[PDB]
């Protein structure tokens, strides 16, 4: 099963949910969620994982925060904005 950071990177590459997520500075790996359309993206994550309950953005962001230590994804001090690591981007 796909890892969350890869799910997000793949969405950004394909462009299939451009109203819910977008690059801010793609060279730096910074990206941002839509305030109004993030929940539809969270729902898609939960359905792709086959989880028991409906996925929410809050729960998806709780998972994102766990990457802070290992570094795959870090929180940017901007509303709804995060940053992929160079290692994640290279793959």
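Positions refer to the first chain, counted from 1.
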Open item on the list: Averaging CA B factors per stretch from the PDB record, which one is higher: 21-29 or 64-72?
Closed with: 64-72
Task: residue 37 - Cα temperature factor, lowest/middle/highest third of chain - done: middle
Open item on the list: Split into thirds by Cα B-factor across the chain's modelled residues, where does residue 52 land: lowest, middle or highest?
Closed with: highest
Open item on the list: Among the modelled residues of this chain, does the Cα B factor of residue 14 put it in the lowest, middle or highest third?
Closed with: highest
